[PDB]
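Here is the file protein.txt (compact mmCIF, C-alpha atoms).
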# COMPACT_ATOMS: atom_id res chain seq x y z
CA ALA A 1 -4.32 -10.33 27.66
CA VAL A 2 -0.82 -8.66 27.52
CA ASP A 3 0.72 -9.64 30.95
CA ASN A 4 -0.18 -13.39 30.31
CA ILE A 5 1.24 -13.47 26.68
CA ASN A 6 4.72 -11.95 27.63
CA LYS A 7 5.21 -14.47 30.55
CA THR A 8 4.03 -17.60 28.50
CA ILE A 9 6.64 -16.89 25.72
CA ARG A 10 9.63 -16.32 28.10
CA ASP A 11 8.76 -19.54 30.10
CA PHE A 12 9.92 -21.63 27.03
CA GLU A 13 13.53 -20.46 27.88
CA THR A 14 13.26 -22.57 31.18
CA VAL A 15 13.51 -25.87 29.09
CA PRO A 16 16.99 -27.46 28.82
CA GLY A 17 18.35 -26.51 25.37
CA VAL A 18 15.96 -23.54 24.45
CA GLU A 19 17.84 -20.22 23.87
CA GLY A 20 15.05 -17.85 22.62
CA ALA A 21 11.24 -17.72 21.90
CA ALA A 22 9.54 -14.92 19.92
CA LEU A 23 5.85 -14.43 19.00
CA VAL A 24 5.94 -12.74 15.54
CA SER A 25 3.15 -11.59 13.16
CA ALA A 26 2.78 -13.38 9.72
CA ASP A 27 3.96 -10.12 8.03
CA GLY A 28 7.35 -9.96 9.88
CA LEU A 29 6.66 -7.61 12.93
CA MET A 30 7.68 -8.55 16.60
CA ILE A 31 4.77 -9.14 19.10
CA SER A 32 6.57 -10.47 22.30
CA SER A 33 10.19 -11.58 22.83
CA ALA A 34 12.92 -12.11 25.49
CA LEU A 35 15.79 -12.33 22.81
CA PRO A 36 18.61 -9.67 22.79
CA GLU A 37 17.19 -6.12 22.11
CA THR A 38 19.62 -5.60 19.14
CA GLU A 39 18.52 -8.63 16.96
CA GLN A 40 14.68 -8.29 17.48
CA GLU A 41 13.95 -6.47 14.11
CA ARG A 42 16.10 -8.85 11.86
CA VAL A 43 14.86 -12.14 13.52
CA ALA A 44 11.16 -11.15 13.05
CA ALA A 45 11.95 -10.46 9.28
CA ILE A 46 13.66 -14.01 8.91
CA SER A 47 10.80 -15.73 10.80
CA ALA A 48 8.18 -14.52 8.22
CA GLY A 49 10.59 -15.68 5.47
CA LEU A 50 10.59 -19.26 6.92
CA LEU A 51 6.79 -19.20 7.25
CA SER A 52 6.29 -18.29 3.51
CA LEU A 53 8.59 -21.08 2.18
CA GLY A 54 6.94 -23.72 4.48
CA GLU A 55 3.60 -22.58 2.87
CA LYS A 56 5.21 -23.30 -0.58
CA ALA A 57 6.35 -26.81 0.45
CA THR A 58 2.80 -27.84 1.62
CA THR A 59 0.78 -26.22 -1.25
CA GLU A 60 3.14 -27.32 -4.02
CA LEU A 61 3.49 -31.06 -2.95
CA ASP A 62 -0.24 -31.54 -1.97
CA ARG A 63 0.30 -31.93 1.89
CA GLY A 64 -2.62 -29.83 3.37
CA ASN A 65 -2.84 -26.48 5.26
CA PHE A 66 0.58 -25.47 6.82
CA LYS A 67 1.25 -26.46 10.48
CA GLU A 68 4.95 -26.55 11.51
CA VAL A 69 8.48 -26.31 10.10
CA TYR A 70 11.97 -27.05 11.55
CA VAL A 71 15.50 -26.76 10.12
CA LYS A 72 18.45 -28.60 11.64
CA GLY A 73 21.97 -27.12 11.08
CA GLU A 74 25.39 -28.19 12.55
CA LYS A 75 25.09 -25.96 15.72
CA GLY A 76 21.32 -25.93 16.42
CA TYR A 77 17.59 -26.13 15.46
CA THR A 78 15.14 -23.46 14.32
CA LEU A 79 11.49 -24.48 15.18
CA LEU A 80 8.30 -22.73 13.90
CA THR A 81 4.61 -23.35 14.47
CA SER A 82 1.60 -21.43 13.09
CA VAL A 83 -0.73 -19.52 15.57
CA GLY A 84 -3.88 -19.73 13.44
CA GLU A 85 -3.95 -16.96 10.85
CA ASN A 86 -1.78 -13.83 11.08
CA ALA A 87 0.73 -15.13 13.69
CA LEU A 88 3.52 -17.66 14.45
CA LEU A 89 5.73 -18.93 17.37
CA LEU A 90 9.52 -19.34 16.95
CA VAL A 91 11.90 -21.38 19.20
CA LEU A 92 15.71 -21.61 18.75
CA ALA A 93 17.33 -24.72 20.41
CA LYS A 94 20.73 -26.58 20.30
CA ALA A 95 21.35 -30.11 18.87
CA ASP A 96 20.76 -31.76 22.39
CA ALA A 97 17.12 -30.51 22.67
CA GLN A 98 14.19 -32.99 22.60
CA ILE A 99 12.47 -31.64 19.46
CA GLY A 100 9.41 -33.98 19.25
CA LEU A 101 8.03 -32.85 22.68
CA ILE A 102 8.70 -29.11 22.17
CA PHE A 103 6.31 -29.37 19.15
CA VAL A 104 3.65 -30.86 21.47
CA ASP A 105 4.13 -27.86 24.01
CA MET A 106 4.32 -25.38 21.04
CA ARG A 107 0.97 -26.85 19.62
CA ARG A 108 -0.97 -26.45 22.96
CA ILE A 109 0.44 -22.86 23.72
CA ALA A 110 -0.39 -21.68 20.12
CA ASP A 111 -4.13 -22.38 20.79
CA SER A 112 -3.76 -20.73 24.29
CA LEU A 113 -2.17 -17.53 22.78
CA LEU A 114 -4.87 -17.77 19.90
CA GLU A 115 -7.70 -17.10 22.48
CA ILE A 116 -5.94 -14.18 24.42
CA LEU A 117 -4.57 -12.57 21.14
CA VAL B 1 22.68 -48.02 -11.07
CA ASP B 2 20.40 -51.03 -10.32
CA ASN B 3 21.36 -50.73 -6.58
CA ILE B 4 20.28 -47.00 -6.41
CA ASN B 5 16.80 -47.57 -8.07
CA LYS B 6 15.01 -50.34 -6.05
CA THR B 7 16.67 -49.01 -2.80
CA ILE B 8 14.18 -46.00 -3.43
CA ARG B 9 11.10 -48.36 -4.07
CA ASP B 10 11.71 -49.91 -0.61
CA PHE B 11 10.87 -46.86 1.63
CA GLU B 12 7.23 -47.03 0.21
CA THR B 13 6.78 -50.41 1.99
CA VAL B 14 7.35 -48.72 5.45
CA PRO B 15 4.03 -47.45 6.85
CA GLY B 16 3.18 -43.77 6.17
CA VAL B 17 5.48 -43.34 3.07
CA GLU B 18 3.51 -41.98 0.04
CA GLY B 19 6.57 -41.32 -2.17
CA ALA B 20 10.42 -41.10 -2.41
CA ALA B 21 12.81 -39.40 -4.90
CA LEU B 22 16.55 -38.93 -5.42
CA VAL B 23 17.06 -35.32 -6.84
CA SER B 24 20.21 -33.30 -7.78
CA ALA B 25 20.98 -30.01 -5.82
CA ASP B 26 20.40 -28.05 -9.12
CA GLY B 27 16.88 -29.59 -9.50
CA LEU B 28 17.28 -32.57 -12.00
CA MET B 29 15.44 -35.83 -10.86
CA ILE B 30 17.71 -38.96 -10.63
CA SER B 31 15.55 -41.86 -9.30
CA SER B 32 11.83 -42.00 -8.26
CA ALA B 33 8.57 -44.11 -8.44
CA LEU B 34 6.14 -41.04 -8.31
CA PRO B 35 3.71 -40.40 -11.26
CA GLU B 36 6.20 -40.02 -14.18
CA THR B 37 4.36 -36.77 -15.25
CA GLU B 38 4.77 -34.93 -11.84
CA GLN B 39 8.42 -36.11 -11.30
CA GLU B 40 10.00 -33.13 -13.22
CA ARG B 41 7.88 -30.63 -11.19
CA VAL B 42 8.56 -32.36 -7.78
CA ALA B 43 12.34 -32.24 -8.57
CA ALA B 44 11.90 -28.43 -9.00
CA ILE B 45 9.98 -27.94 -5.67
CA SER B 46 12.62 -29.96 -3.61
CA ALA B 47 15.29 -27.55 -5.20
CA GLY B 48 13.95 -24.53 -3.32
CA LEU B 49 13.30 -26.41 -0.05
CA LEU B 50 17.11 -27.02 0.13
CA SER B 51 18.21 -23.40 -0.82
CA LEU B 52 15.49 -21.74 1.34
CA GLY B 53 16.53 -24.37 4.00
CA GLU B 54 20.19 -23.28 3.56
CA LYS B 55 19.03 -19.63 4.09
CA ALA B 56 17.77 -20.19 7.71
CA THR B 57 20.86 -22.36 8.45
CA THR B 58 23.16 -19.48 7.17
CA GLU B 59 21.17 -16.43 8.61
CA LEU B 60 20.59 -17.65 12.21
CA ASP B 61 24.14 -19.16 12.73
CA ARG B 62 23.01 -22.87 12.92
CA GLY B 63 26.05 -24.23 10.94
CA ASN B 64 26.02 -26.59 7.90
CA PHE B 65 22.52 -27.57 6.52
CA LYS B 66 21.60 -31.21 7.46
CA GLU B 67 17.77 -31.63 7.42
CA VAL B 68 14.45 -29.80 6.85
CA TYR B 69 10.97 -30.78 8.17
CA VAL B 70 7.63 -29.27 6.99
CA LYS B 71 4.17 -30.56 8.23
CA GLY B 72 0.72 -29.88 6.72
CA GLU B 73 -2.69 -31.10 8.04
CA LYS B 74 -2.91 -33.82 5.26
CA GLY B 75 0.74 -35.04 5.60
CA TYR B 76 4.50 -34.23 5.76
CA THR B 77 7.35 -33.23 3.45
CA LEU B 78 10.78 -34.44 4.62
CA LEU B 79 14.20 -33.74 2.98
CA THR B 80 17.80 -34.79 3.95
CA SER B 81 21.20 -33.97 2.36
CA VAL B 82 22.71 -36.90 0.31
CA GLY B 83 26.09 -35.18 0.72
CA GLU B 84 26.99 -32.43 -1.74
CA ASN B 85 25.22 -32.44 -5.15
CA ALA B 86 22.09 -34.53 -4.21
CA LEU B 87 19.16 -34.84 -1.74
CA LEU B 88 16.50 -37.42 -0.64
CA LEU B 89 12.76 -36.26 -0.62
CA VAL B 90 10.05 -38.32 1.21
CA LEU B 91 6.29 -37.59 1.09
CA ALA B 92 4.61 -39.13 4.24
CA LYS B 93 1.01 -39.47 5.62
CA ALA B 94 0.02 -37.17 8.57
CA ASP B 95 -0.11 -40.29 10.84
CA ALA B 96 3.49 -41.59 10.16
CA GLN B 97 6.37 -41.77 12.74
CA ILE B 98 8.88 -39.06 11.62
CA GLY B 99 11.73 -39.76 14.06
CA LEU B 100 12.20 -43.27 12.63
CA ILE B 101 11.87 -42.31 8.89
CA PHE B 102 14.71 -39.76 9.53
CA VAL B 103 16.81 -42.65 11.07
CA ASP B 104 16.08 -44.69 7.87
CA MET B 105 16.84 -41.66 5.50
CA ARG B 106 20.10 -40.42 7.10
CA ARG B 107 21.69 -43.92 6.74
CA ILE B 108 20.45 -44.50 3.11
CA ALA B 109 21.66 -40.89 2.34
CA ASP B 110 25.18 -42.21 3.19
CA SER B 111 24.60 -45.64 1.50
CA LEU B 112 23.73 -43.87 -1.87
CA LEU B 113 26.67 -41.33 -1.54
CA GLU B 114 29.47 -43.97 -2.20
CA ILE B 115 27.87 -45.79 -5.28
CA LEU B 116 26.46 -42.52 -6.89
As structure tokens, what does this structure read like?
Amino acid sequence: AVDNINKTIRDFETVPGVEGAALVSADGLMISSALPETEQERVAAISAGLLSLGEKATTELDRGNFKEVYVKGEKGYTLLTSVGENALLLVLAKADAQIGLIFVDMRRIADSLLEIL
Amino acid sequence: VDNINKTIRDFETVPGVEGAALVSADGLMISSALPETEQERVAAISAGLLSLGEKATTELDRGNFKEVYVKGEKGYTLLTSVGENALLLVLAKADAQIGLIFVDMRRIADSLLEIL
């Protein structure tokens, strides 16, 4: 269960444009990452912050149970998909990444990690 | 002011578009066709989506805020910057084509910026 989760998350970083991928709990704690060892505690805290305010969007405007959220800035994308209850998958990319298809890969791998986790 | 209004009734025609609104960055509604009871509330909710969208785009070094996407199982909330001091919110159905509606918003967001 643990060998197969680590390798699945790092393989995202073999797509053109993808910098990092972290599997984080809903409550802000790091499960499995390949990001720099320094930033791993502060990125897991921000991830859970983005999950909670995506929840607000969907509840408050009558849109159904939360699925996905992405933010585009000047320099790059932040991309987040729910892993059933209690977990979530983060991808960072730059402006030249092919966002619609990463969400299709993210959706399939979420349900894969959901069985073995 | 007549050329800002019906310009927001026209997105509804496109398939998958439940509702549009022009809102201020402080949370006061400018132009919308939504139920005239909800409009004050919906102006408040789009307020936070921008700020809490500016907080990921300032904490993870992604540059200036441009756009925010959320998706729920019964549909989508989309928001784009209408320059400084306003924003365009679009409620869509969970079977609409997002990549095009963004192409239609980001142009209109710079065709309302010069007359507003």
Which residues of chain B have any atom within 8 Å of an atom in chain A when counting all atoms listed in the file, and what is the closest pair of atoms for each, with the distance in Å to one decimal? Order the rows by chain and rising number and write it as a Markdown table.
| residue | atom | partner | partner_atom | distance |
| --- | --- | --- | --- | --- |
| B:42 | CA | A:61 | CA | 7.1 |
| B:45 | CA | A:60 | CA | 7.1 |
| B:49 | CA | A:57 | CA | 7.0 |
| B:52 | CA | A:53 | CA | 7.0 |
| B:53 | CA | A:71 | CA | 6.7 |
| B:56 | CA | A:50 | CA | 7.3 |
| B:57 | CA | A:73 | CA | 5.6 |
| B:59 | CA | A:46 | CA | 7.9 |
| B:61 | CA | A:75 | CA | 7.5 |
| B:62 | CA | A:75 | CA | 4.7 |
| B:63 | CA | A:74 | CA | 4.3 |
| B:64 | CA | A:74 | CA | 5.0 |
| B:65 | CA | A:73 | CA | 4.6 |
| B:66 | CA | A:73 | CA | 5.5 |
| B:67 | CA | A:72 | CA | 5.2 |
| B:68 | CA | A:71 | CA | 4.6 |
| B:69 | CA | A:70 | CA | 5.1 |
| B:70 | CA | A:69 | CA | 4.4 |
| B:71 | CA | A:68 | CA | 5.2 |
| B:72 | CA | A:66 | CA | 4.4 |
| B:73 | CA | A:64 | CA | 4.8 |
| B:74 | CA | A:64 | CA | 4.4 |
| B:75 | CA | A:63 | CA | 4.9 |
| B:76 | CA | A:63 | CA | 6.2 |
| B:77 | CA | A:57 | CA | 7.2 |
Which residue gives the smallest distance to residue 103 (chain B) among B:19, B:34, B:1, B:11, with all atoms listed in the file counted?
-> B:11
Using all atoms listed in the file, which residues sit within 7 Å of residue 89 (chain B) once same-chain residues fewer than 5 positions away are excluded, as a list in words?
->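 Selected residues are residues 20, 21, 22, 46, 78, 79 and 80 of chain B.
Within 10 Å of residue 21 (chain A), once all atoms listed in the file are used and residues closer than 5 positions along the same chain are dropped, the contacting residues are residues 8, 9, 10, 11, 12, 13, 32, 33, 34, 35, 79, 80, 89, 90, 91, 92 and 93 of chain A.
Interatomic distance, CA of residue 98 (chain B) to CA of residue 24 (chain B): 23.2 Å.
Of the listed residues A:38, A:86, A:112, A:52, the one whose atoms come nearest to residue 25 (chain A) is A:86, with distances taken using only C-alpha atoms.
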Selecting C-alpha atoms, how would chain A from this structure be written as a PDB file, in the first residue's frame?
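part.pdb was written with the following content:
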ATOM      1  CA  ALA A   1       0.000   0.000   0.000  1.00  0.00           C
ATOM      2  CA  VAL A   2       2.908   2.419   0.845  1.00  0.00           C
ATOM      3  CA  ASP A   3       5.496   1.636  -1.938  1.00  0.00           C
ATOM      4  CA  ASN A   4       2.731   2.065  -4.662  1.00  0.00           C
ATOM      5  CA  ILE A   5       1.362   5.428  -3.232  1.00  0.00           C
ATOM      6  CA  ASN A   6       4.856   7.177  -3.040  1.00  0.00           C
ATOM      7  CA  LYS A   7       5.733   6.208  -6.701  1.00  0.00           C
ATOM      8  CA  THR A   8       2.230   7.188  -8.163  1.00  0.00           C
ATOM      9  CA  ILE A   9       2.503  10.773  -6.688  1.00  0.00           C
ATOM     10  CA  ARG A  10       6.106  11.437  -7.905  1.00  0.00           C
ATOM     11  CA  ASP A  11       5.235  10.142 -11.466  1.00  0.00           C
ATOM     12  CA  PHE A  12       3.071  13.341 -11.971  1.00  0.00           C
ATOM     13  CA  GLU A  13       6.421  15.321 -12.053  1.00  0.00           C
ATOM     14  CA  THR A  14       7.252  13.460 -15.412  1.00  0.00           C
ATOM     15  CA  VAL A  15       4.532  15.588 -17.259  1.00  0.00           C
ATOM     16  CA  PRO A  16       5.780  18.694 -19.132  1.00  0.00           C
ATOM     17  CA  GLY A  17       4.979  21.697 -16.888  1.00  0.00           C
ATOM     18  CA  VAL A  18       4.354  19.898 -13.472  1.00  0.00           C
ATOM     19  CA  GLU A  19       6.773  21.044 -10.695  1.00  0.00           C
ATOM     20  CA  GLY A  20       5.407  19.259  -7.548  1.00  0.00           C
ATOM     21  CA  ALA A  21       2.648  16.790  -6.389  1.00  0.00           C
ATOM     22  CA  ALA A  22       1.725  16.212  -2.717  1.00  0.00           C
ATOM     23  CA  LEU A  23      -0.914  13.890  -1.176  1.00  0.00           C
ATOM     24  CA  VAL A  24      -2.160  15.795   1.933  1.00  0.00           C
ATOM     25  CA  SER A  25      -4.807  14.949   4.583  1.00  0.00           C
ATOM     26  CA  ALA A  26      -8.010  17.165   4.799  1.00  0.00           C
ATOM     27  CA  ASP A  27      -6.731  18.491   8.186  1.00  0.00           C
ATOM     28  CA  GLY A  28      -3.405  19.867   6.795  1.00  0.00           C
ATOM     29  CA  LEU A  29      -0.834  16.991   7.458  1.00  0.00           C
ATOM     30  CA  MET A  30       1.601  15.661   4.678  1.00  0.00           C
ATOM     31  CA  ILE A  31       1.025  12.002   3.490  1.00  0.00           C
ATOM     32  CA  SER A  32       3.462  11.620   0.473  1.00  0.00           C
ATOM     33  CA  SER A  33       5.524  14.249  -1.399  1.00  0.00           C
ATOM     34  CA  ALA A  34       8.603  14.758  -3.645  1.00  0.00           C
ATOM     35  CA  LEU A  35       8.658  18.646  -3.060  1.00  0.00           C
ATOM     36  CA  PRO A  36      11.696  20.285  -1.298  1.00  0.00           C
ATOM     37  CA  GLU A  37      12.106  18.957   2.327  1.00  0.00           C
ATOM     38  CA  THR A  38      12.057  22.544   3.763  1.00  0.00           C
ATOM     39  CA  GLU A  39       8.572  23.657   2.440  1.00  0.00           C
ATOM     40  CA  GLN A  40       6.645  20.362   3.180  1.00  0.00           C
ATOM     41  CA  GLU A  41       5.010  21.562   6.507  1.00  0.00           C
ATOM     42  CA  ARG A  42       3.830  25.050   5.168  1.00  0.00           C
ATOM     43  CA  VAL A  43       2.480  23.702   1.779  1.00  0.00           C
ATOM     44  CA  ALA A  44       0.352  21.000   3.542  1.00  0.00           C
ATOM     45  CA  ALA A  45      -1.129  23.827   5.815  1.00  0.00           C
ATOM     46  CA  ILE A  46      -1.996  26.028   2.638  1.00  0.00           C
ATOM     47  CA  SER A  47      -3.464  23.006   0.780  1.00  0.00           C
ATOM     48  CA  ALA A  48      -6.100  22.400   3.547  1.00  0.00           C
ATOM     49  CA  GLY A  49      -6.828  26.170   3.452  1.00  0.00           C
ATOM     50  CA  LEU A  50      -7.672  25.949  -0.311  1.00  0.00           C
ATOM     51  CA  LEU A  51      -9.821  22.852   0.281  1.00  0.00           C
ATOM     52  CA  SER A  52     -11.979  24.634   2.968  1.00  0.00           C
ATOM     53  CA  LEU A  53     -12.706  27.740   0.800  1.00  0.00           C
ATOM     54  CA  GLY A  54     -13.607  25.559  -2.263  1.00  0.00           C
ATOM     55  CA  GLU A  55     -16.138  23.815   0.106  1.00  0.00           C
ATOM     56  CA  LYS A  56     -17.585  27.328   0.871  1.00  0.00           C
ATOM     57  CA  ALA A  57     -17.939  28.221  -2.840  1.00  0.00           C
ATOM     58  CA  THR A  58     -19.936  25.000  -3.630  1.00  0.00           C
ATOM     59  CA  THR A  59     -22.179  24.945  -0.480  1.00  0.00           C
ATOM     60  CA  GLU A  60     -22.927  28.682  -0.514  1.00  0.00           C
ATOM     61  CA  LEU A  61     -23.857  28.988  -4.292  1.00  0.00           C
ATOM     62  CA  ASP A  62     -25.829  25.639  -4.493  1.00  0.00           C
ATOM     63  CA  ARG A  63     -23.310  23.718  -6.800  1.00  0.00           C
ATOM     64  CA  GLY A  64     -23.219  20.181  -5.182  1.00  0.00           C
ATOM     65  CA  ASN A  65     -20.588  18.197  -3.203  1.00  0.00           C
ATOM     66  CA  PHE A  66     -17.009  19.617  -3.725  1.00  0.00           C
ATOM     67  CA  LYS A  67     -14.823  18.026  -6.474  1.00  0.00           C
ATOM     68  CA  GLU A  68     -11.917  20.203  -7.727  1.00  0.00           C
ATOM     69  CA  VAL A  69     -10.449  23.712  -7.492  1.00  0.00           C
ATOM     70  CA  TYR A  70      -7.739  25.593  -9.466  1.00  0.00           C
ATOM     71  CA  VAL A  71      -6.253  29.104  -9.178  1.00  0.00           C
ATOM     72  CA  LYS A  72      -4.372  30.749 -12.035  1.00  0.00           C
ATOM     73  CA  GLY A  73      -1.800  33.473 -11.148  1.00  0.00           C
ATOM     74  CA  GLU A  74       0.730  35.347 -13.407  1.00  0.00           C
ATOM     75  CA  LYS A  75       3.557  32.718 -12.977  1.00  0.00           C
ATOM     76  CA  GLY A  76       1.640  29.418 -12.599  1.00  0.00           C
ATOM     77  CA  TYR A  77      -1.378  27.231 -11.615  1.00  0.00           C
ATOM     78  CA  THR A  78      -2.322  25.577  -8.328  1.00  0.00           C
ATOM     79  CA  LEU A  79      -4.572  22.472  -8.945  1.00  0.00           C
ATOM     80  CA  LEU A  80      -6.509  20.521  -6.242  1.00  0.00           C
ATOM     81  CA  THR A  81      -8.776  17.487  -6.368  1.00  0.00           C
ATOM     82  CA  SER A  82     -10.573  15.696  -3.501  1.00  0.00           C
ATOM     83  CA  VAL A  83      -9.594  12.018  -2.647  1.00  0.00           C
ATOM     84  CA  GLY A  84     -12.971  11.006  -1.206  1.00  0.00           C
ATOM     85  CA  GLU A  85     -13.256  12.041   2.427  1.00  0.00           C
ATOM     86  CA  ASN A  86     -10.250  12.942   4.585  1.00  0.00           C
ATOM     87  CA  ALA A  87      -7.707  13.462   1.751  1.00  0.00           C
ATOM     88  CA  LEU A  88      -6.719  15.591  -1.291  1.00  0.00           C
ATOM     89  CA  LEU A  89      -4.161  15.688  -4.207  1.00  0.00           C
ATOM     90  CA  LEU A  90      -2.241  18.887  -5.049  1.00  0.00           C
ATOM     91  CA  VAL A  91      -0.359  19.681  -8.326  1.00  0.00           C
ATOM     92  CA  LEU A  92       1.640  22.887  -9.009  1.00  0.00           C
ATOM     93  CA  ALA A  93       2.172  23.675 -12.770  1.00  0.00           C
ATOM     94  CA  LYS A  94       3.328  26.679 -14.931  1.00  0.00           C
ATOM     95  CA  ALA A  95       1.143  28.718 -17.371  1.00  0.00           C
ATOM     96  CA  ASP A  96       2.136  26.388 -20.378  1.00  0.00           C
ATOM     97  CA  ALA A  97       0.630  23.214 -18.778  1.00  0.00           C
ATOM     98  CA  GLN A  98      -2.452  21.508 -20.323  1.00  0.00           C
ATOM     99  CA  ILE A  99      -4.796  21.911 -17.329  1.00  0.00           C
ATOM    100  CA  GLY A 100      -7.967  20.172 -18.658  1.00  0.00           C
ATOM    101  CA  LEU A 101      -6.188  16.766 -19.104  1.00  0.00           C
ATOM    102  CA  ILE A 102      -4.274  16.880 -15.783  1.00  0.00           C
ATOM    103  CA  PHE A 103      -7.746  17.004 -14.097  1.00  0.00           C
ATOM    104  CA  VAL A 104      -8.717  13.826 -16.011  1.00  0.00           C
ATOM    105  CA  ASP A 105      -5.411  12.031 -14.761  1.00  0.00           C
ATOM    106  CA  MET A 106      -5.916  13.557 -11.236  1.00  0.00           C
ATOM    107  CA  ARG A 107      -9.591  12.183 -11.190  1.00  0.00           C
ATOM    108  CA  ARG A 108      -8.569   8.553 -12.107  1.00  0.00           C
ATOM    109  CA  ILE A 109      -5.481   8.461  -9.675  1.00  0.00           C
ATOM    110  CA  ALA A 110      -7.632   9.855  -6.767  1.00  0.00           C
ATOM    111  CA  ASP A 111      -9.906   6.738  -6.995  1.00  0.00           C
ATOM    112  CA  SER A 112      -6.737   4.519  -7.353  1.00  0.00           C
ATOM    113  CA  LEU A 113      -5.124   6.049  -4.184  1.00  0.00           C
ATOM    114  CA  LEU A 114      -8.693   5.850  -2.492  1.00  0.00           C
ATOM    115  CA  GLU A 115      -8.564   1.972  -2.651  1.00  0.00           C
ATOM    116  CA  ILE A 116      -4.860   1.536  -1.414  1.00  0.00           C
ATOM    117  CA  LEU A 117      -5.232   4.306   1.294  1.00  0.00           C
TER     118      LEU A 117
END
